[PDB]
Amino acid sequence: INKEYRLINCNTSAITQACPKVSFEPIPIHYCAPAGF
Amino acid sequence: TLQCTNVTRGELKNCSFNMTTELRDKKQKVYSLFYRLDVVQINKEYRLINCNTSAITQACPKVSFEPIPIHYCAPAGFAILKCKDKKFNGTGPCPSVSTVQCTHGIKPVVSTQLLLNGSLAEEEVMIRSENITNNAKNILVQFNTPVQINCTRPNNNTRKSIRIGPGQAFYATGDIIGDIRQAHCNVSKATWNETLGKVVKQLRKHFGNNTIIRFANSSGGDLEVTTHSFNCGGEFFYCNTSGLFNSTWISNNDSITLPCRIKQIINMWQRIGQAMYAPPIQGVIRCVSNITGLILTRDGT
Amino acid sequence: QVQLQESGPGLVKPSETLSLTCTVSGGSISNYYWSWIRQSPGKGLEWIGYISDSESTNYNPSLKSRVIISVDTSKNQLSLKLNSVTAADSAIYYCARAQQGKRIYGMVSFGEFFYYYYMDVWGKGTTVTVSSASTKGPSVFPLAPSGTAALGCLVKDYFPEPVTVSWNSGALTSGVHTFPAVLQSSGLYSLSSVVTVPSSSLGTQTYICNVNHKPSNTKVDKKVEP
Amino acid sequence: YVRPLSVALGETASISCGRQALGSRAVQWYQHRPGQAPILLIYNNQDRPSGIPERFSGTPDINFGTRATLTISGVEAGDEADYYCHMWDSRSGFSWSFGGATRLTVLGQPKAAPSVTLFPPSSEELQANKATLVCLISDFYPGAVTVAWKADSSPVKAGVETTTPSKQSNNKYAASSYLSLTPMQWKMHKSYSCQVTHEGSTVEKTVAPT
Ligand SMILES: *[C@@H]1O[C@H](CO)[C@@H](O[C@@H]2O[C@H](CO)[C@@H](O[C@@H]3O[C@H](CO[C@H]4O[C@H](CO[C@H]5O[C@H](CO)[C@@H](O)[C@H](O)[C@@H]5O[C@H]5O[C@H](CO)[C@@H](O)[C@H](O)[C@@H]5O)[C@@H](O)[C@H](O[C@H]5O[C@H](CO)[C@@H](O)[C@H](O)[C@@H]5O)[C@@H]4O)[C@@H](O)[C@H](O[C@H]4O[C@H](CO)[C@@H](O)[C@H](O)[C@@H]4O[C@H]4O[C@H](CO)[C@@H](O)[C@H](O)[C@@H]4O[C@H]4O[C@H](CO)[C@@H](O)[C@H](O)[C@@H]4O)[C@@H]3O)[C@H](O)[C@H]2NC(C)=O)[C@H](O)[C@H]1NC(C)=O
Ligand SMILES: *[C@@H]1O[C@H](CO)[C@@H](O[C@@H]2O[C@H](CO)[C@@H](O[C@@H]3O[C@H](CO[C@H]4O[C@H](CO)[C@@H](O)[C@H](O)[C@@H]4O)[C@@H](O)[C@H](O[C@H]4O[C@H](CO)[C@@H](O)[C@H](O)[C@@H]4O)[C@@H]3O)[C@H](O)[C@H]2NC(C)=O)[C@H](O)[C@H]1NC(C)=O
Ligand SMILES: *[C@@H]1O[C@H](CO)[C@@H](O[C@@H]2O[C@H](CO)[C@@H](O[C@@H]3O[C@H](CO[C@H]4O[C@H](CO)[C@@H](O)[C@H](O)[C@@H]4O)[C@@H](O)[C@H](O)[C@@H]3O)[C@H](O)[C@H]2NC(C)=O)[C@H](O)[C@H]1NC(C)=O
Ligand SMILES: *[C@@H]1O[C@H](CO)[C@@H](O[C@@H]2O[C@H](CO)[C@@H](O)[C@H](O)[C@H]2NC(C)=O)[C@H](O)[C@H]1NC(C)=O
Ligand SMILES: *[C@@H]1O[C@H](CO)[C@@H](O[C@@H]2O[C@H](CO)[C@@H](O)[C@H](O)[C@H]2NC(C)=O)[C@H](O)[C@H]1NC(C)=O
Ligand SMILES: *[C@@H]1O[C@H](CO)[C@@H](O[C@@H]2O[C@H](CO)[C@@H](O)[C@H](O)[C@H]2NC(C)=O)[C@H](O)[C@H]1NC(C)=O
Ligand SMILES: *[C@@H]1O[C@H](CO)[C@@H](O[C@@H]2O[C@H](CO)[C@@H](O)[C@H](O)[C@H]2NC(C)=O)[C@H](O)[C@H]1NC(C)=O
Ligand SMILES: *[C@@H]1O[C@H](CO)[C@@H](O[C@@H]2O[C@H](CO)[C@@H](O)[C@H](O)[C@H]2NC(C)=O)[C@H](O)[C@H]1NC(C)=O
Ligand SMILES: *[C@@H]1O[C@H](CO)[C@@H](O[C@@H]2O[C@H](CO)[C@@H](O)[C@H](O)[C@H]2NC(C)=O)[C@H](O)[C@H]1NC(C)=O
Ligand SMILES: *[C@@H]1O[C@H](CO)[C@@H](O[C@@H]2O[C@H](CO)[C@@H](O)[C@H](O)[C@H]2NC(C)=O)[C@H](O)[C@H]1NC(C)=O
Ligand SMILES: *[C@@H]1O[C@H](CO)[C@@H](O)[C@H](O)[C@H]1NC(C)=O
Ligand SMILES: *[C@@H]1O[C@H](CO)[C@@H](O)[C@H](O)[C@H]1NC(C)=O
Ligand SMILES: *[C@@H]1O[C@H](CO)[C@@H](O)[C@H](O)[C@H]1NC(C)=O
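Criteria and cut-off values
- Residues numbered from 1 in each chain as written, not as in the entry; some residues may be left out.
- Chains lettered and ligands numbered in written order.
- Part of a larger assembly, values for the part shown.
- Heavy atoms only, no water.
- Contact = heavy atoms within 4.5 Å.
- Buried area = accessible area lost by both parts, 1.4 Å probe.
- Salt bridge = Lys/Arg side-chain N within 4 Å of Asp/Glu carboxyl O.
- Polar contact = N/O pair within 3.5 Å; in protein donor to acceptor, adjacent residues only side chain to side chain.
- Helix = DSSP H or I, 4+ residues; strand = E, 2+ residues; numbered from the N terminus.
- Nonpolar A, V, L, I, M, F, W, Y, C, P; charged D, E, K, R; others polar.
- Pairing = 2+ DSSP bridges.
- Axes fitted to C-alpha atoms, helices over the stretch in contact; angles between N-to-C directions.
- Buried < 20%, exposed > 50% of the residue type's maximum accessible area, 1.4 Å probe, protein only.
- Disulfide = S-S within 2.5 Å.
- Domains from an automatic or database assignment.

- This deposited entry lists X-ray crystallography as its structure determination method and 2.7390 Å as its resolution.

What follows is the structure, given as structure tokens:
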């Protein structure tokens, strides 16, 4: 602004803590086209 | 709790208040301008008008309150039927009919007393109601020639962003740059005289060629109905209409001025428990629109 | 056209009523706004108050509690009665005709204008001094001369300002040179006038300086000769 | 209080108003030479009265934002006075006070030297048991002089009064100077002088009792 600090996002945006059950693991995704395509 | 003062008659205020910052443990004493219709008392102490009734949501300052032509379409297997009768009143058998898939360009104009930017009537001016003898039925008269109205809030307002939280910004009225004037509207006293004369001509066809037709102002209600309530450039006007409906007609440059007030805390409809703060508009607001219809209410000489 | 001339005591004791008058010439008194303005030494032009063509009172709130501007239409004369005077009230008081301007910026119907007043013609001024000291007339002492020559008159101890000096009752006006006063440590001003004069006419033409000091009602003259 | 401003002879003067307006304004400009009647220069933001040179011009408010300034082109030496800005506008109430006295001083004026004239005590006041030397100084510029009295060759410094340099109608300055003496002090001396140092040079004028 002991020394005084602050979260980097406070002057720009709100912050949402990621749910600690979901995983950031790349799971193989398959993109499929609908019927007729 | 707001600490408000008059601004250097006595309509728009200048209020200051302790406000939360972007840090949850820091306050700030910021100030802002509010119209009279948005505040009530308890330096004098004030408060937003909605606080004892409802929560308030500030409208996103990127969306526009501009009536865009909307087309209503029927799904496949259905159809819409138009009416090509240039003198078609509300009900009855339309002689000339045609089918369409979508309606024409309909501008969702939220108005009051005066139908703004609407579609005209071909041939002569029409007048409609369910039972014109029933005085509790609003008469929906639609002009054939538009009488032009010019409205403006001439105050050069300024918008002030106020960080009220992480990513939360309250847009406030900073201060007025220059003159402080009155918001009003103009109609041509000539084009409004002949338009009232055409309306008064069709009013005798079911009321009597000898009885007198008189025009008066509203007799009570809320601000949204007792005044010409509409939107102009993004701010909600409320225009006194006593200068338009003050004429008594017998069996046989000009300019009218309507003193409009401006409000920011508005319940759009009759919504209970919901309020909206319209953010202030920078610059000098002026909008040019046609009044093409009218919503009357006879008394019941 | 229109010209004004003030007049008054010139000296008023502290804690009293400072009377003042101003007669206008060449115009009707009851169709113009009139304003009083004073200018103290060191301070700026201070607006006392003003009276309308409808004879309405409105004073500067800095004073007000001491001002009462009157007006008699039998003559072209209006007054000004500042009372409870103190030391800071010493100033040159001016008599100016204020004209009304209606500055319209929006709609005249809603009242979107404001009135501004401007003074165009002014009075010459009247010096007012506040002091418990009594008045005192001066005493003219002649200054004798000796191509070109110069002679004048010494106007010793007097109080208060001002004194008017005329030469030959008003005939001698070219080459005249009256100097500003000098406040002595005793508390009295000493002024001196002087007239530059061609040398040949020193022994022929006669010169008489006419000194007047209004707070003492004194009119005195004197001759100058080598 | 006073705001200093300096322009050169024959240039353009830009007297900015002290209080800038909040809304639509009606500014009156006044010229005031101290010890004299104020002179109205411009009453409506741009309108001047009858008898004001064209070189005086005030800025009108056609668009808001443009501040009111007094413009004096080709400034003369006589345009040395206090200039007030009487500011009315729609937002402020009733402006009772005038502006802040801008004291415009013109630079580059002709440097003129004084004119000393020393008179001896008159016979009447000498017969009244009081002597008075008067040393009249006039027509000097810049208006600031230092006076030195001398009994014979010795400095006096005791019992002398001197005017502050007041301005003349010819835009030059003048100041008196009186030395009070006893009728015997003035008789017991051979001569009396009035050294008048203006700028960087002195001017002597001596007077003896004969
Ligand atoms: C909806 O409907 C509404 C209502 O129906 C409608 O409202 C209207 O809004 C407009 C805009 O908002 C308003 O227009 C304003 O009008 C003001 C008043 O104008 C009138 O009065 C002045 C002054 O009159 C005095 O002086 C003249 C001589 O100059 C005399 O002849 C008069 O008789 C009168 O003098 C007597 O009366 C005095 C009392 O007032 C006494 O005190 C006095 O002793 C005398 O007895 C006139 O000049 C005007 O004349 C003009 O109008 C005629 C038609 O009538 C035109 O043909 C012609 O163009 C004339 O010029 C008029 O009669 C104006 O002051 C105002 O304009 C000024 O203000 C704005 C903002 O402040 C400035 O930006 C602008 O530039 C103007 O400033 C100039 O003037 C001021 C004041 O003098 C100066 O200080 C300033 O420096 C500047 O001077 C510059 O311009 C001058 C020329 O203008 C020039 O001479 C200078 O040299 C310099 O360059 C503005 O125009 C209108 O009033 C509303 N209507 C009503 C009824 O109130 C609305 O528009 C409608 N539409 C919507 C909302 O969309
Ligand atoms: C709505 O209400 C708010 C109040 O909550 C108003 O905001 C205040 O407005 C006033 C003016 O009306 C402001 O006062 C001005 O402050 C200026 C800032 O100067 C400060 O900082 C300097 C350091 O640089 C200090 O030295 C100084 O002392 C101040 O603390 C000043 O420049 C102004 O001075 C002017 O006035 C004085 C005396 O009147 C003159 O002598 C000066 O020459 C000069 O002309 C003045 O003091 C105040 O700061 C505002 N407050 C905030 C929090 O912003 C809104 O204006 C008002 N809006 C409307 C539309 O009514
Ligand atoms: C009834 O209909 C009228 C027209 O159909 C409406 O008038 C419109 O009002 C809106 C808002 O008040 C205006 O939008 C504003 O536009 C200006 C700039 O516009 C100017 O510049 C553009 C350049 O891109 C140019 O194309 C335009 O022609 C203008 O010259 C912006 O500054 C504003 O932020 C805002 O976007 C419309 O411009 C205006 N249209 C017309 C034709 O005047 C009126 O509001 C309607 N009334 C009601 C009650 O709904
Ligand atoms: C929020 O604060 C950050 C502080 O890091 C600002 O980012 C810095 O801004 C300064 C000057 O504005 C720059 O010199 C730095 O280079 C910036 N650093 C980074 C990492 O961006 C940021 O601008 C602020 N945001 C807002 C909206 O005020
Ligand atoms: C703003 O100005 C109005 C107009 O003068 C004030 O209204 C007055 O309010 C007091 C109560 O405090 C009443 O006694 C008066 O009768 C009211 N006068 C009028 C003409 O309505 C109002 O109080 C002012 N508000 C502020 C905050 O100064
Ligand atoms: C919230 O407060 C407002 C204050 O304006 C209340 O509305 C006023 O209520 C009083 C008495 O109840 C009436 O005399 C006024 O005519 C009302 N004014 C308006 C504009 O409605 C409102 O009733 C309060 N609401 C609740 C739920 O308490
Ligand atoms: C207000 O007035 C008329 C409608 O009565 C519109 O102007 C006319 O619009 C039609 C079709 O849009 C054109 O054929 C005419 O040539 C127009 N006339 C003129 C003189 O321009 C105008 O667009 C209407 N404004 C609205 C509905 O917002
Ligand atoms: C309304 O006021 C704003 C200022 O609050 C004006 O914006 C200025 O416009 C000029 C151009 O004429 C720019 O040079 C300035 O930098 C602008 N100022 C700001 C703060 O942006 C605007 O012109 C005014 N509009 C009207 C109609 O009065
Ligand atoms: C409403 O505003 C419009 C435009 O601002 C006015 O139409 C103008 O009228 C003048 C005078 O007849 C013409 O010189 C202009 O060319 C018109 N503008 C356009 C775009 O055509 C109209 O008169 C105003 N009406 C009222 C009642 O105020
Ligand atoms: C709309 O305007 C009319 C006048 O144009 C206002 O009528 C005033 O009504 C009050 C009673 O409430 C009277 O005391 C006034 O004398 C009326 N004024 C005039 C000029 O007739 C009317 O009040 C306005 N509407 C609102 C809601 O204020
Ligand atoms: C803000 O809080 C302080 C705390 O004492 C109080 O004195 C002040 O009046 C408050 N300001 C406002 C505008 O409520
Ligand atoms: C519309 O016209 C029909 C026949 O012309 C008539 O029966 C009907 O009553 C009219 N509508 C109204 C509201 O009068
Ligand atoms: C209607 O007009 C009457 C008289 O003209 C007035 O007393 C009343 O306040 C007006 N009401 C509205 C809502 O304009």
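**Some words on the interface of chain C and chain D**
Argument step 1. Across the boundary between the two partners, chain C contributes 47 residues, which contact 46 residues of chain D.
Argument step 2. Each partner contributes to the roughly 3,600 Å² buried at the junction of chain C and chain D, and carbon and sulfur atoms together form 69% of this total.
Argument step 3. Counting the contacts that link chain C with chain D gives two salt bridges.
Argument step 4. Here D:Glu124 ties to C:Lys222 by a salt bridge, and the two come within 3.8 Å at their closest N and O atoms.
Argument step 5. At the junction of chain C and chain D, the tally comes to nine residue pairs in polar contact.
Argument step 6. Those elements that place two or more of their residues in the side of chain C that touches chain D are β5 (33-39), β6 (45-51), β7 (57-59), β11 (91-104), β12 (113-122), β14 (140-143), β15 (148-158) and β18 (189-198) of chain C.
Argument step 7. Examining the composition of the side of chain C that touches chain D, we find that eight residues originate from one element, β12(C), more than from any other.
Argument step 8. For the side of chain C that touches chain D, the per-class residue count stands at 30 nonpolar, 12 polar and five charged.

**A word on the sheet that holds strand β7 (residues 82-89) of chain D**
All names here are of chain D.
Argument step 1. The five strands are arranged β1-β8-β7-β3-β4 in an open sheet whose pairing can be described as mixed. On the outer flanks of this sheet lie β1 (2-8) and β4 (39-42), each paired with one strand and no other. The sheet shows a mean angle of 30° between the axes of neighbouring strands, direction not considered.
Argument step 2. In this structure, β1 lies alongside strand β8 (residues 101-107), joined through seven bridges in parallel fashion. Bridge pairing in β8 places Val7 opposite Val106.

**A few points about the pattern of salt bridges**
Argument step 1. Overall, the coordinates contain 20 salt bridges over all chains when judged by the stated rule.
Argument step 2. The partner of B:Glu22 in a salt bridge is B:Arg163, with the nearest N and O atoms 2.6 Å apart.
Argument step 3. For B:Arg163, a relative accessible area of 45% puts it in the partly exposed group.
Argument step 4. In this structure, the salt-bridge partner of D:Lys167 is D:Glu80, at a minimum N-O distance of 2.4 Å. Of this pair, D:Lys167 sits in strand β14 (residues 166-167) while D:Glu80 is found in the loop between β6 (69-73) and β7, placing the two residues 87 residues apart along the sequence.
Argument step 5. Classification of D:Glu80 by relative accessible area gives buried; the value is 13%.

**Looking at the environment of D:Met184**
Argument step 1. Within the element layout of this structure, D:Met184 appears in the loop between β16 (177-181) and β17 (192-198).
Argument step 2. Taking the C-alpha atoms as reference points, D:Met184 and D:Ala131, 53 residues apart in sequence, are found 8.6 Å from one another.

**A short note on the interface of chain D and chain B**
Argument step 1. Counting residues at the interface gives six residues for chain D, matched by seven residues for chain B.
Argument step 2. Both sides together, the interface formed by chain D and chain B hides about 490 Å², and carbon and sulfur atoms give 38% of it.
Argument step 3. Of all residues in chain D, D:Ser24, D:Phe64 and D:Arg91 bury the most surface against chain B, accounting for 83% of the area lost on that side.
Argument step 4. Viewed at the interface, chain B and chain D are joined by zero salt bridges.
Argument step 5. Here chain D is connected to chain B by four residue pairs in polar contact.

**Remarks on the state of the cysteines**
All names here are of chain B.
Argument step 1. Per the stated rule, a full pass over the model turns up 10 disulfides over all chains.
Argument step 2. Note on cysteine connectivity: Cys73 is disulfide-linked to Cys102, with sulfurs 2.0 Å apart. Where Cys73 bonds to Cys102 through sulfur, the torsion about that S-S bond is close to 105°, and the disulfide is right-handed. Of this pair, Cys73 sits in the loop between β5 (55-58) and β6 (80-83) while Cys102 sits in the loop between β7 (97-100) and β8 (126-128), placing them 29 residues apart in sequence.
Argument step 3. Classification of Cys73 by relative accessible area gives partly exposed; the value is 46%.
Argument step 4. Two residues, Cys151 and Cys185, share a disulfide whose sulfurs are 2.0 Å apart. On the sign convention where negative is left-handed, the bridge of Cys151 and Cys185, at about 110° about the S-S bond, is right-handed. One end of the pair, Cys151, is in strand β9 (residues 139-157); the other, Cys185, is in strand β12 (residues 184-187), and 34 residues separate them in sequence.
Argument step 5. Assessed through its relative accessible area of 1%, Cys151 is described here as buried.
Argument step 6. Judged by its relative accessible area of 0%, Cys185 falls in the buried class.

**Here's the deal with the domain arrangement of chain D**
Residue and element names in this part refer to chain D.
Argument step 1. Each assigned domain of chain D is listed here: domain 1 (1-108) and domain 2 (109-210).
Argument step 2. Computed over C-alpha atoms, the centres of domain 1 and domain 2 are 39 Å apart.
Argument step 3. The interface is formed by six residues belonging to domain 1 together with five residues belonging to domain 2.
Argument step 4. Regarding the contact of domain 1 and domain 2, the summed buried area is about 440 Å², with carbon and sulfur atoms giving 38% of it.
Argument step 5. Contact with domain 2 buries area across many residues of domain 1, yet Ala77, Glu80 and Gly108 alone supply 72% of it, more than any other trio.
Argument step 6. There are one salt bridge connecting domain 1 and domain 2.
Argument step 7. When the residues that make up the side of domain 1 that touches domain 2 are grouped by side-chain class, the tally is three nonpolar, two polar and one charged.

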